[PDB]
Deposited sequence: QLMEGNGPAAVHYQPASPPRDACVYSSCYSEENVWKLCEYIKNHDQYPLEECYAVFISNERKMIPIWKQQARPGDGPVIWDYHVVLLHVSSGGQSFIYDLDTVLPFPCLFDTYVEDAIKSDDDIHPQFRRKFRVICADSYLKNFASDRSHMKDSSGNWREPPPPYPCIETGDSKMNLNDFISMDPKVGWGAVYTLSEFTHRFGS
């Protein structure tokens, strides 16, 4: 036997509705996460400052993620980028909200990293993952997307858009590339390698 040794969030109450009740569009995870942040802001259950949008990508925009609903089974989906929500609960236990995972929604941080992300040690280097972590308040204040990246060469949708107007701010109608970028000189928040990300938020 081994006992864990920071309070355990055994009675943790999710910060969002159940997965099937959440606003969701396939291939628009940046907006699915934005909508979760907006729910948390308006629900008055948790401080928004406990939550973060997390972009996952790399220089070549090819990242594997396992346990994804788009590819049932034991193989990864290779995304250009993917976005999830991280809630660092007040006791310190972190939870990941990924509407696209087959893992629980929400899922304990360490389990998500173990099963969905996996180690980068034996991964071919051009596939290794980096993480941009943005405070949910900053994400709501600053993110904008005009969805122009989701059109084919003739201007028609590659995947159907979410059923509400494009997210825009007073400052921008499109800055999605500044969140997908893993250059720390660009954009908002902090950029971590996988080992830095797990060191920062893991148990």
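- Sequence range 6 alone has no coordinates in this entry (deposited sequence, numbered from 1, C-alpha basis).
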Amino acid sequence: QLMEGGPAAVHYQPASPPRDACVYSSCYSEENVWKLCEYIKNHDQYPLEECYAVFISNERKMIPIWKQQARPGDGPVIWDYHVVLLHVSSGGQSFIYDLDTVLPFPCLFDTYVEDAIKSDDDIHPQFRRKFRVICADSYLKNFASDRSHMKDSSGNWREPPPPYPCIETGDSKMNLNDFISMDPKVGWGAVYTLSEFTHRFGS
From here on, numbers count along this sequence of modelled residues.
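- For the two regions 31 to 39 and 173 to 181, the entry's Cα B-factors average higher over 173 to 181.
- Averaged over their C-alpha atoms, the temperature factors of 43 to 51 and 66 to 74 are higher for 66 to 74.
- Per-chain ranking of the deposited C-alpha B factor places residue 61 in the lowest third.
- Ranked within its chain, residue 80 lands in the lowest third, by CA B factor from the PDB record.
- Ranked by C-alpha B-factor against the other modelled residues of its chain, residue 1 falls in the middle third.
- Ranked within its chain, residue 91 lands in the highest third, by CA B factor from the PDB record.
- In the deposited entry, the Cα temperature factor of residue 115 places it in the middle third of its chain's modelled residues.
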